[PDB]
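> Build me a structure from this.
(4 chains, ligands or ions: 2)
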Amino acid sequence: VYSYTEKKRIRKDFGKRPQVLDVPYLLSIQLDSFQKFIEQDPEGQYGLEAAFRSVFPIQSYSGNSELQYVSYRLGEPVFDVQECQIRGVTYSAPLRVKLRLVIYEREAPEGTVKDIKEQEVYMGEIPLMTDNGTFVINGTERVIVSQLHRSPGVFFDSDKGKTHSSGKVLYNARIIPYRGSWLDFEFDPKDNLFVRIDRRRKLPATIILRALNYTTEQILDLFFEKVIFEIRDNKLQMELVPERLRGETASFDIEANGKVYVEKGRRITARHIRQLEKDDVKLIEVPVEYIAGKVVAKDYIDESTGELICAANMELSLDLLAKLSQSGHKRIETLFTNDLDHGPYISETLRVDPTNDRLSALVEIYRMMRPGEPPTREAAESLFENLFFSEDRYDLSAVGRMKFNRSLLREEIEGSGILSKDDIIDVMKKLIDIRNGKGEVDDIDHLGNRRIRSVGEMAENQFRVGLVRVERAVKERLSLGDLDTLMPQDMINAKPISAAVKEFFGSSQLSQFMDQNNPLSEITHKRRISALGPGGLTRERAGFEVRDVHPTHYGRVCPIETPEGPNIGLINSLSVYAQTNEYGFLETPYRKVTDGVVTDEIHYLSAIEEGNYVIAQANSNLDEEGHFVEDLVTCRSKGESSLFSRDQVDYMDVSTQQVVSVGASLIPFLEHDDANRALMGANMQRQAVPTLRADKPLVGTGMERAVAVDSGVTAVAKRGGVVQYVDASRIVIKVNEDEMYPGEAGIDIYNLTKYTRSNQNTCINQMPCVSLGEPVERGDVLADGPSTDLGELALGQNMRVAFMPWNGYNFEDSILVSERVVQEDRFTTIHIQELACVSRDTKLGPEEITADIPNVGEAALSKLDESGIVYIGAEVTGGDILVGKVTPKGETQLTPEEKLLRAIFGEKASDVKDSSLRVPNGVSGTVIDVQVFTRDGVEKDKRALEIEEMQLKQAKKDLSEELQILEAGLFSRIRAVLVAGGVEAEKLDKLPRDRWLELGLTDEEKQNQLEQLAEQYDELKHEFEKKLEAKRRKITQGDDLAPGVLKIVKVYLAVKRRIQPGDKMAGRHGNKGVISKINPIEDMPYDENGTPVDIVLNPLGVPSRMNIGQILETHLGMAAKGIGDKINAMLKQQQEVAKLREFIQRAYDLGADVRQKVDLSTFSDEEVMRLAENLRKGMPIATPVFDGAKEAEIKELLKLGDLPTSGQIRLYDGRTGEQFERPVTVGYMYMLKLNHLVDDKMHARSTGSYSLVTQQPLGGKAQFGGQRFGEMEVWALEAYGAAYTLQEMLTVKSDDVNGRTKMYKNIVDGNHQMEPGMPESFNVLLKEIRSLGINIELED
Amino acid sequence: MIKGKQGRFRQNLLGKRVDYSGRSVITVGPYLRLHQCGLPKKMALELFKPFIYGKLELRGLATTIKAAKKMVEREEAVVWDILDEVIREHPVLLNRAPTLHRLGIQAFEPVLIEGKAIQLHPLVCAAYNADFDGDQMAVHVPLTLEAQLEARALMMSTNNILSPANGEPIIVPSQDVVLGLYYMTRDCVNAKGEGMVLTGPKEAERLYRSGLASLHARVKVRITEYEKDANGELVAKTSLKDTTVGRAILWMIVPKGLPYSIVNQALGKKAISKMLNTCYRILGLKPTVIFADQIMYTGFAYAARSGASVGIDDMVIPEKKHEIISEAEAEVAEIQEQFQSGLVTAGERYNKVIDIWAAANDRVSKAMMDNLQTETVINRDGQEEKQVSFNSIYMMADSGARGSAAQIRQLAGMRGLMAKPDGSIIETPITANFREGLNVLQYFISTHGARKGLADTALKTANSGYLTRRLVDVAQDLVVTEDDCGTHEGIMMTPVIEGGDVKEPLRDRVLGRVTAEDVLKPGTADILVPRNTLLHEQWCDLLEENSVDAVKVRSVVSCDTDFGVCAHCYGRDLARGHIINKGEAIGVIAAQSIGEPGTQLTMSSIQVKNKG
DNA sequence: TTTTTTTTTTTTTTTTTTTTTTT
DNA sequence: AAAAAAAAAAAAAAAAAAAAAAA
Ligand SMILES: [Mg+2]
Ligand SMILES: [Zn+2]
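Residues are numbered from 1 along each chain as shown, chains lettered A, B, ... in the order given. Ligands and ions are numbered 1, 2, ... in the order given. Provided below are the atomic coordinates:
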C-alpha cells in the first residue's frame, strides 16, 4: 500500500531481490551513542553514571570525611535551538548532580557519621545534540565525526623486519590498554626478548618478570619445562621422551631395550619413535658428553657446605658434573633445550639480564621511566605498581579485557581492567610460541581489531578527565577541610569540567563545521568513520596497510566512498546497513540460512564471526522457498570466494547494496562503473549546491527517498490527519481523531524555515508541498527542504544531453550549455553571506557606529539609516557601506605639544577615522536581515531599538496566534462533544465563546471532560502569558559578547548567482567539467522534431576513464522522459482516464522479473490524474545499485515510448542546418552544479592592500590577494633566459617601496623601465652582517 | 636576524605574493590562435590598470590621475577602448599550479572576452597539463620594457613547440582534433561520390559541402605537391592520385613544402605528430605554428560534423565470450579435482589455474578486438566485402584519440584478474565486462586495485617533488658560459642493446650533440664529417646511410671549462634546435626535464633471431 | 703474549587557546 | 582578581669496546 505522499508519485522500480531488511534509520550511530551518553542509566554501566561512580567516592587521606555521589540530572536548556542559531551560544544544558557529604568523629572510622549533608549542586554545563545528530555550539552545527582506531587489547603482530637486509621477523606483542601506559615486547635481531614500556629506552623482557618478584628458578620454570636426570652408574641415565626426540638426530647410538633403535648418525625416525612408545621405552643410559650441551635448570648448591655450585642458566661442563656427583646431587635436571619447537630465547635474555635482584629491576624501571632521578625503593615500587596494577592509572576497558582474553584463548569473557602476573606471563608464552613456529600473527587492518568510537564515548572520556581533575581539587580541599562549615560547593568546582568538555566539542579535530551544502552532504558527514584524531593514525604517519581496503570491509565500510588526495582511505564511510556492536566493532546483518531455506530472520554478525561461517553474495538467486536455484552457489569464506554446495552455506546477505554507502549508493548503474570514477562521483555528489527549484532525479536508486526523509531537513510530520492551513512559513495539521492525545490535540504548527544562511552560503529554504485540506499520514513529508521534491532528494537537475564533440568547446572535458538552461534559470543558487561588523573600545575612546563619517560622499549615506546601518531590502552593490563605523583618529602622535592638546582636548569636529564595513568587492546582494547585539550596559541605539521592537511585536504575534489556534482546536473539540449532549443550537450559537460550559448537560462524563478542557484553557492563558513575558525578557536583555565590544551588528547579504562560463557542473559518475560557453538556443544541435539539446558533453571521456555507467543512465533517462512525453501528450488531448490508467499500468508493469507489482485499478481516478500531472515531465525510474536494470529492459522501456531502441537519434547542426552523419546519443543525464563557482575563484590584483611585516602584497582571496610566486615558478623562469621578469617578480613587485613607486611613475608617465640597482634587501643584509664584526665588503 | 625563516638569507626563496597577479578557472579556447590567451574583461581592467591610467591621462581624456581612476571605476566606454589599445601587444604569463616543466610558465598575448574565465588554446593544454575540470591558472604581467621583450621573445607560446627534455614537439593534437582528422580521412569501400575524378582539393571541398559526395569516398584527384627536391626550392609536381575526398579536403591545410603522401593514410595520433614534426624540420618554425592552428581548426570542425558519439550498442561483446568462459571454468574444475586427488600440489594447481585464466582472457580479448575492428561487411556496388569498422569506440581506439586497446578490452572483454591487496594475483578473475554488470563480490574486488593505485599516485606526487628539488639544487650551479672548451675527450656513443633487444639506435642518443673526433666512415681513411661539427638531422641521415656503429661525441661530463660547460660540448638546446647560445642555464633545464616525467614513472640457451 | 691503534656500533642530545605578567 | 601579550601547537656527535697488528 502507498500513503498519500507516496501516492503523489510512485517511482518505477526495477529491483529484483525482495528486500527483507529495509534501510535502517540513518544516523543511528550518532543518536544511539549520544542517548547512551546523557540518558540516566539506572544500572549505570555506561554514561555519566559510570563516570561518576568511577571517580566517586572521595575522601582526604585520614580525613574521616567521605564525599559520595547520589544521582545526576540534566536540566532543561536555557535556550532552544532556533534562538541558539540566532544568538551564537552553545545549545547546552546544566548538569545538576545530587551529591552527599558525610563526616565521622575521631577514632570512629566505622562509627556513625557525626554530620551529613546532601544537595543538588550544579556540576558544569554539557552540550546537547539536536534531532539531526548535530551540536549547535557556536551559532552553527558542529558534527562529531566518529573515529576509528586500534582497539584496546593485545595484538601479536609480526612486524616484518624489512630492515637489517636479512628478512628476519621481529615478532612483536603489544598490550595496548584503553587508558593507562602501554606495554610492548619484541624479539631483537639477536633472539633476545626485550621490553620498552611506553616506547622509552629498551630493556630486557625478563626485567619486568624479575621486577614481578619472580625468582630466576621460577622464571625458568614458567617459561621453560625441564628434563629430569639421575646419576645411575657411568653414562648417567635420563628420562627418554620419544616425543621430545621429534625434530632431532641420534648424536649417540640409541641401543635401549636391547634393540638398536637409532644408530649414531641416523635420525630418530617415526618408525623408531613408534617402536619406543610401543615397548614403553623409558629412562635409559645416555652419554654424559651428550648431556654436556644442556643447561642447568636450578641453582645447585653443595649440600656439604651450602655453597652455590652453579646457578641455573649455565652450560654443563664435565668438571661441574663431577662436582655435583660428589656432593650427592643425583638430580641433574636441565631445561628442555631445542630450537625447532622450544627455542629458549628467554634463556639468552636471562644471560643478557644485567642483574637479578628485585630491587635492582625496580631501580632499572625507575631510571627507565624517569632518567637521571635519584633511585628510591618506595618510589620505584609505586611506579612499578601504578604503571599497570593500579586501576587509576591503567584500565583495559571492558572491550580491552574481552579482546585480550579472546586473543589468549581464555575461557573467560569478562575480567578486571588491570593486568596481572599471569596476563603478561601468557602474553610472553604466546609470543615465544609464535616465534617458535606456534601461532600466526594479527593484522591491525582487520576490522575485528579496529574499533569505532562514537560521540558518546569521547564525551565520557573528556568528562572523566574533568571529573578526576575536580576530584583532585576536592581531595586538596578535604585535606584542609573544616568541620562542617561548608557544604559541597567549596569542595566542588564546575569550571574545569565545563572548560574541558567545551574545549573538546569546540576546539578539537573531531568537531568539524558541518558540511551543509546538501542534505546528502550533511548525512554523509555525520555517518563518517575517520581514522585520525587523538589516539589515532596521523595522516602522514599512517602508511599503506591502512589506506588499503581489507577483505572484511564488505558489509561494514564502503570501499568506493572516501576523500582522495592527502588522506585517502583514512576517512572511510559506513555501509548503509552497518551498525556498531555493543563493544564497538562494525557488525552487519545477514539472512539466517537453515538448510536450503534462507530464513528471512536476520542475524547481526561482527567482524571476526564472519569468517567462522560461509556467506553467500547478495545477488544469488532463490526459488520462492529460499532454496538456492544454483546448487553450487557462489559464496564467500574466510577472506575467500568459491562455489560452495547448496547446503554448505550458513548465511546470506540482506540486500544487493550492503557493500556501499549512501554517499555512493545514490549513484545509478553503479555496477557498470570503474571504482575510480565511482569514487570521484561519490565525492562530487557529496558537494552539490542546491539549485533554485528542486527537480526529482529522473534516474534514482530508491535510496533518495530514505536519505531525504531521514537526513533531517524535510520537516517530517508527527501525527496523521488533515492539513488545516498551509502557508509559506507555517503548516498547521489537524490531528486525526484516533492519534489525538487524551486532551488538547489538533495542533502541530510546523514552523517551516524561511531563508537562512547555511554553513557554506546556501539558502536553507523549506517550502510546503501539501495542498490545502489534503490528508497526511504519520512520518510523511509535509515540506520539501533544500534539494528535495515531494520527499525525493533532488541534488542537481535534469538536462537533456547529447554526447557529441561539438566544435571544440568540449575539448578535454568541457561542457556546452544552451542559453535555455540559463535562460529558464534552472541552475541558480541563493548564496546568503554573513558580514559581521563589530564596535570595540580600543585606546583613546570607543568605536562609533554613527552614520556620521568623514571623507564619504552623500551617495554612500543615501541608503544608510540615521544610526548608520543599511535598511532591510537595500539592493547594495560593491563598495556601499553596510555599517557606518569609525575610529578616533589613531593614537598619541606628533610631539609633547600633542600631549598638551590632549590635555586641552583636540579641536576637530570630525575627530574620527573612517572604518565602515562595505560590501566585499565583486558581490551584489539584497540584504535580508540585520541583527543587532549589545553588550550589557550599552543603551540600544535607533536601529537597535527598531529591530528590538520589531522582534518583540512579531513574538507577541506568534504567541497570540498559536494560542488562538490551540483555543480554536479546543473549542472545536468542545463543540464535537456538544454534538451529543447539550446540543442546543440556538442557545449554543446565541451566546459568545465566553461560557460554553453553562449549557445544560445531565450527569455524564461529557461535562467532566468539558471541565477538564476549561482547566486546560485557563492553563493555556497563564502559560501564554508566562511565555510572552519570558520572550520579552530574552529579547530585551543585552547579550554578553567577546570582551571589549559595545555592540556588533551582523548583516546577511543574499545573492543570486547564475550558471556562467567558469562554473563546474558534473554528472554523478565522476564526469566533471567546466562550462565552456553559453550558446544561443539556435547554435545547439536539435533533434528531428525541433527540440534543441541543453548540453553537449564530450564522448571521448567515456572509453578511457571507463565510466560507461553514465551512458546507461543517459539511455534510461531518455526512456523516462519518453514515457513522460507520452503522458503529457495524453493529458494535453484531455484523454479520459482509461487511456491514462491503461498506459500508466503498462509502464509500471514492465516486469519480466521485478518487485513493484503495483496496480492502478484501485487508485481513485482523481488520484490517477494527480499522478499523471506529477509525471507529465518524466516517469521517475529507480535502479538499486547492484540489482540494476538490464539493457533489454531499457530497450523495452524505450519501445513503450515511440523512441528508437538504439537510444540514439539523428541530430541536425543548428548553425548550418545540415545533418550530423553517424547518429548521436541523446538522453537525460541528471547533472549537478558543484559549488566551485568562478566568481569565488577569480581574484585580480594590481596594487591592493599590502602586508604587515613582510610588506608584500597581501595574500588570500579574502583580502584581494595575488597568486603566490613560489619557488618552482622561480626555477621555471630561470630555465628560460628571462631574467628581468624574474628580477622584477622578486624586487619591484614584492617589497621595494622605492622601486614600486618609481615603476608606477614610469608606467603612468608612459615609460616602460625598471631602475637598475641592487635591491635594498641586499643593503639591509649588508648592514645586518656589518652589525657583527664582519667586513662583508663588495668587489669590482 | 641571519637565522631561521625570518633569516634574511633565505627570504627571497620562501615565496613572494607578486603584484599584477591573477587567477581564474579555465575554459577551452578554440577560435584562438596558438599565441592568444582569452583574458576576462573584469580581470583585464584590474591588471593593466596603471597602463590604462598612462594611456588615458596622456591622451587627455582625463589629465589628472584621480580623474583617470574615477573614470576606470566608472566603466566608461572609452576605458574599454584604451584597455584594448594597451593590451594590443603586452604579453601575459599564464602559470599553472605545479610548475614542474619549464613550459609551465609559458606566456601568451591577450585577447579580451566577456564573462570571467581565462581561455586557453587547446593545443597548449598539454605542456601545462591542465584538463579543464576546475584547473586554475595565474596571470602575471611583465612591466619593464625588457620584461615585455622577454615575454615576447623567450617565452611566447609560439616559440616553444619543442619541449626541453625530448626533442619532438609538445604542441601535439590531443583528444578531439585527432578524432576529427581521423574521421576526415578514412577509406570507405563504397559511399557517395565513389568512382570519379574531381579536380584539385577545391572541388573536393565543394563536393563535400554540397552533400553530393560523402566524406569518405575513395576517389582520384589532382593534388600537386611542392617538394623540396631541389636545393631549397619548391619543386611542384602534379598528377592524378588516388585518395579520399576527405583527404583531399584536409590537404588544403598542409603547407607547400610537404609531400602529398604525408596525408594519405588514416591520420592517427601518431601520423599526425609525424606530419607536424616533418613540417617543422622541412619548413622551419613559423609555418609549423600556422599549420598547428589550421590542423586544430580543421580537426574540430570535421569532428563536429562527424558527430562521433558513443552509443551503448557500439561496445559489442563477443558471442564466443560465454563459451570461452565455460571452457575455462571446466578447465579449472578439472585442475582443482586433480589437485584434490593429490596428483598436483597446491602451488602448481594455483599456477596452472591462473595460467589458463590468462589464456582464456587472451582468447576473449582477441575475439572482442576482432569484432570491434573489421567486422563491417558492406556491398561495394558488387558483392560484399569487409572494411575497418566505424564503431565509435573502435574508431577512437584505432585513432588513438583517448583509449588504447586495453581499455576497450576492459569495456567489452573480460576485465582481467584483479590482484588482491597484497599483490598476489587472485585465482578467480573478473568474468564480466563493464557493458554487462558487475557483482557485489567482483566490484568489491576491483576496489582493491583502484584504491591502491590512487594512494600510490598521491605518494609519488611528493616523491617526484623531492627528487626535482634535489636535482635542481645540485644542477643550478651550471650555466653555459663557454663557446668551446676545445677538448678531445668525448664519449663514444653506440646503439644500446638490452640483451639482444637494441631499442635506441645511434640516431637519438647522438642527435644534435657535437662530434668530438671527425666521423670516420667504416671505409678506411674516409672521414665522414669533420671534427667539431653539429650532428643535425641531415648528418644523422648520413650516419644511417653509412650505418656507423660507434661515433665519438663530445659530452658535458668532461668539458675543459672552469665553472661552466662548453657550448659546442653540450650540443643542441633541445628547445629551439640550434646550438645552445651563450648563457641559457642548462642545470635548471636538466633538473626539471629529469624531474617532471617522474610522476608518470610507476611507483639456459640463446636462440638467434636475426641474420648475422 | 701483551699493548696500542683503529674501527664500529650503540647511546644521547639537539591561526587559536593557554599561561604568565601587570595593574 | 581581570585583562592583555607571548608562544606552542630523526640525524648526528661522542664514546665504549672489540678486534687487528706490532713489539
Ligand atoms: Mg585537473
Ligand atoms: Zn665541451
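> where's the closest residue in space to residue A:481 that isn't next to it in sequence relative to residue A:71, distance?
Once flanking residues are discounted, residue A:481 sits nearest to residue A:65: 5.7 Å by Cβ to Cβ, 6 or more residues apart in numbering or on different chains. All C-beta atoms are positioned from the backbone trio N, CA, C, and that covers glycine. Residue A:65 sits at a distance of 21 Å from residue A:71 (criterion: Cβ to Cβ, to the nearest Å).
> Taking chain B, what residue is nearest to ligand 2?
residue B:569 (1.8 Å; Cβ to the ion).
> Run through the residues that contact that residue.
B:484, B:485, B:487, B:490, B:514, B:554, B:555, B:556, B:559 (Cβ atoms under 8 Å, 6 or more residues apart in numbering or on different chains).
> go on, residue A:8?
A:790, A:1170, A:1171, A:1174.
> what's the neighbour count on residue A:455?
Residue A:455 has 27 neighbouring residues, counting by other Cβ atoms under 10 Å in any protein chain shown.
> Disregarding residues adjacent in the polypeptide, which is nearest to it?
Closest to residue A:455 by Cβ to Cβ, 6+ apart is residue A:144, at 4.2 Å.
> right, and residue A:819 touches residue A:1082 too?
No: counting by Cβ atoms under 8 Å, residue A:819 does not reach residue A:1082; the two are 9.2 Å apart.
> the more surrounded of the two?
With neighbours defined as other Cβ under 10 Å, residue A:819 and residue A:1082 compare such that residue A:819 has more, 17 against 12.
> buried sites along stretch B:239-251?
Within stretch B:239-251, the residues scored as buried using 16 or more other Cβ atoms under 10 Å in any protein chain shown are B:241, B:243, B:244, B:245, B:246, B:247, B:248, B:249, B:250, B:251.
> touching chain A at all, it?
No: using Cβ under 8 Å from any Cβ of the partner chain, stretch B:239-251 stays clear of chain A, coming no nearer than 11.8 Å.
> Endpoint to endpoint, that stretch covers what distance?
14 Å (Cα to Cα, to the nearest Å).
> Report the closest residue of chain B relative to DNA strand C.
Proximity of chain B to DNA strand C (Cβ to the nearest atom of the strand) peaks at residue B:5, 11.5 Å away.
> just the stretch 151-300 of chain A next, same as before
Counting by Cβ to the nearest atom of the strand, the stretch 151-300 of chain A gets nearest DNA strand C through residue A:201, at 5.3 Å.
> Tell me the spatial nearest neighbour of that residue, not counting adjacent residues.
Counting by Cβ to Cβ, 6+ apart, the residue nearest residue A:201 is residue A:368, at 5.7 Å.
> Assumed the one you found was part of a helix.
Yes: if the criterion is DSSP: H, G, I helix; E, B strand; the rest coil, then residue A:368 is within a helix.
> and it, how many neighbours?
The burial count for residue A:368: 18, using other Cβ under 10 Å.
> so which of the contacts of residue A:8 is the most crowded?
residue A:1171 (21 neighbours).
> tell me which element it falls in.
helix A:1165-1175 (DSSP states H and E).
> Helix or strand next in line after that helix, which one?
Counting by DSSP H and E, what follows helix A:1165-1175 is strand A:1181-1182.
> Distance from the chain centre to that next one, please.
For strand A:1181-1182, the separation from the chain centroid amounts to 30 Å (computed by Cα atoms, centre = their mean, to the nearest Å).
> quick one on the thing from earlier: which of the contacts of residue B:569 lies closest to residue B:75?
Nearest to residue B:75 out of the contacts of residue B:569 is residue B:556 (Cβ to Cβ; 56.4 Å).
> Which helix runs longest in the chain?
Assuming you mean chain A. If you go by DSSP state H, chain A has its longest helix at helix A:942-979.
> meant chain B actually
Under DSSP H, chain B gives helix B:440-475 as its longest helix.
> and the next element down the chain from that helix?
strand B:492-493.
> hang on, the earlier thing: which positions within the helix holding residue A:1171 qualify as buried?
Buried, per 16+ other Cβ under 10 Å, within helix A:1165-1175: A:1168, A:1170, A:1171, A:1172, A:1174, A:1175.
> With stretch A:1235-1253 instead?
Neighbour-count burial for stretch A:1235-1253 flags A:1235-1246, A:1248, A:1250 (criterion: 16+ other Cβ under 10 Å).
> returning to what we had before: check contacts around the residue of chain B closest to DNA strand C.
residue B:14.
> how about a cut-off of 10 Å?
B:11, B:14 (Cβ atoms under 10 Å, 6 or more residues apart in numbering or on different chains).
> And for residue A:1068?
Counting by Cβ under 10 Å, 6+ apart, residue A:1068 has contacts A:664, A:666-670, A:673, A:678, A:681-682, A:684-685, A:688, A:697, A:699, A:795-796, A:1107, A:1109-1110, A:1113, A:1229-1232.
> Among those, the buried ones, what's the PyMOL command?
Selection of the buried residues among those in PyMOL, burial being defined by 16+ other Cβ under 10 Å:
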select buried, chain A and resi 664+666+667+668+669+670+673+678+681+682+684+685+688+697+699+795+796+1107+1109+1110+1113+1229+1230+1231+1232
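> Looking at the contacts of residue A:1068, which are in strands?
The strands in this structure, assigned by DSSP state E, contain residue A:1232 from those.
> Report back the residue of chain B that's furthest from centre.
The outermost residue of chain B relative to its centre, with distances by Cα atoms, centre = their mean, is residue B:341 at 56.1 Å.
> OK, now which residue of chain B is nearest to ligand 1?
Closest point on chain B to ligand 1, by Cβ to the ion, is residue B:131, at 4.0 Å.
> Is that residue in contact with residue A:1064, as I believe?
No: Residue B:131 is beyond contact range of residue A:1064, at 11.7 Å (criterion: Cβ atoms under 10 Å).
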